[PDB]
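Q: I'd like to ask you about the structure that follows.
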Amino acid sequence: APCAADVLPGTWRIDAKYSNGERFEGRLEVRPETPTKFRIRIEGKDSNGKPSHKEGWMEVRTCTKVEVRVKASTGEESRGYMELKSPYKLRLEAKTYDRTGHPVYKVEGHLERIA
């Protein structure tokens, strides 16, 4: 089966839910940097329409798993993994930390590739 690295570049739709009951919907754009590393940008909205933006990187861990680390301008950092479930679908699990490194919520999401 194809590895995550082979199918990652392009644009993905993201739908995520947080452990604090908030939600996120938007798009993730993945650009290749090196064979094992990708730059990512995330843009979307919460359930009241409020926009949010994150940027960061993804690094290959296994044929099906990539590590993701992103930051917001608030100073919040998120770190987790995405697992390839099909040629066009990833499952996300991550933890978000505030500026001082205290955990604020956990994130679970599904991504599907649209370009």
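Q: Report, ordered by chain and residue number, the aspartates and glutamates lying within cross-link reach of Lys71, taken as a straight Cα distance under 16 Å and ignoring same-chain residues fewer than 8 apart.
A: Leaving aside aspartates and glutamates fewer than 8 places away in the same chain, those within reach of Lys71 are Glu29, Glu43, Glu55, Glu59, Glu93, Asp98.
Q: For the chain, with equal point scatterers placed on the C-alpha atoms only and solvent neglected, what are the log10 I(q)/I(0) values from the Debye formula at q = 0.15, 0.22 1/Å, to two decimals?
A: Here the Debye-derived log intensity ratios amount to -0.60, -1.30.
Q: Cross-link candidates for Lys89: which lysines have Cα within less than 17 Å, leaving aside residues fewer than 8 places away along the same chain?
A: Leaving aside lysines fewer than 8 places away in the same chain, those within reach of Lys89 are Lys17, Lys65.
Q: Report ³J(HN,Hα) in whole Hz for each residue of the stretch 96-103, in order, from the Karplus equation J = 6.51 cos²θ - 1.76 cosθ + 1.60 where θ = phi - 60°; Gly and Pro get x.
A: Taking θ as phi minus 60°, the curve returns 10, 10, 7, 4, 8, x, 7, x Hz for the stretch 96-103.
Q: I've got another one for you. If the only charges are +1 at each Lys and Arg Cβ and -1 at each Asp and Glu Cβ, what is the size of the charge dipole of the chain around the Cα centre, to the nearest 20 debye?
A: Its charge dipole is roughly 40 debye.
We did not get these values from a lab; they are worked out from the coordinates using the rules stated. Positions of Cβ are backbone-derived with ideal geometry, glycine not excepted, and every protein chain shown enters the neighbour counts.
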